[PDB]
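Next up: a single chain in structure tokens, the form deposited in one PDB entry.
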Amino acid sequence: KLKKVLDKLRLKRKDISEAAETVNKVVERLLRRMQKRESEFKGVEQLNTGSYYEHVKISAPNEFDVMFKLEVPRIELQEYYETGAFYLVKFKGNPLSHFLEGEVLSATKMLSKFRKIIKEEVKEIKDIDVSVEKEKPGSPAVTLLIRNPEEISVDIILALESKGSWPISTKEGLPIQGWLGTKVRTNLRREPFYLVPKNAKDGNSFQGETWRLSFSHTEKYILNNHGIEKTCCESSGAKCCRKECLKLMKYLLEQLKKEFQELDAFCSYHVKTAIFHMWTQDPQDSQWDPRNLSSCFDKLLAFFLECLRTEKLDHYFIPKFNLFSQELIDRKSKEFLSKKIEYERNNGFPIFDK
């Protein structure tokens, strides 16, 4: 049954080819515009991120994430309260001085200019049906809607790149020592970290100056390098069901969200985060054998339910940041999701039949 759902979720090559060709054209154009000329974002470089580029996109290739990363030397971080994930940014005749709010580099100001430039360039595209989606408060993304004629959304994510050591809130995150190992962890943490203009929500409003930590790069590496054995899912190695298990979990949540508005606060990142913990908990490739797909999915569900019940889902990189805190998601919303998942679980997943 699960194998047949996976067949259904699997992307078609023809769909991939048609989508990618258009998406790549638009992105390439936006990138060229940023880099030329007297622009504040002149040095941005492209990094493709998220589900599609992690090969865990399901159903249709209609969502693409891409970061435009900007190297900003000598920045100093001040943690926004005790959130671990959100920060104010300061510097130790720059183009970025336009975005300064005091000595603080404002996320809103920088994103708004970034967004303004994108809209200008999108207006000049004549051969492709593309529009800029209406702004979402808090969101770090400038979202494009493309009609290929099929609907495709492209999230362009502005990001600051810092080459320094990672903020201490991440010191006990990335607990992959018994799984991917110490050399991998050390090497990953020697890579840069990123800040995206996602504002912290403080009560009824957003703190417009705040930035948010990003490890979209690391997550991408982990998805592509996910086994304890170096040959996991390689041509001279054994196939595992780690990614398949993630697709099924993503699908379950997506179907549930499609018919229950009370689940708007839940997202695929919660699912991704839960399975990262699961991969830490069950490190052996043998406990992710394709023959044991059914029990792997069940283990994930039980773990997820327990996170729901205890209102605790630690960010994989920032362990003191609880994705399932009462502050972020209401108790009733979690209890609601708990009931739905339990139902689908005990009933052989009727919602998988659309």
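Shifts are known only where both forms have a C-alpha. By rigid core we mean the largest C-alpha set that fits within 1.5 Å across both forms. A residue's number is simply how far along the shown sequence it sits, counting from 1.
Omitted from view is the form deposited in another entry, to which the following refers.
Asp202 is the only residue from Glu79, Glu229, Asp282, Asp202 whose Cα shifts by 2 Å or more between this form and the one not shown, the rigid core being superposed.
Panel note: the distance between the CA atoms of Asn204 and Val196 is smaller in the other form than in this form, the difference being 3 Å or more.
A shift of at least 3 angstroms brings the Cα atoms of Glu209 and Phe206 nearer to each other in the other form than in the displayed structure. Listed in sequence order, the shifted runs between this form and the one not shown are 93-95, 199-206, counting only residues present in both forms whose C-alphas move 2 Å or more over at least three consecutive positions once the core is aligned.
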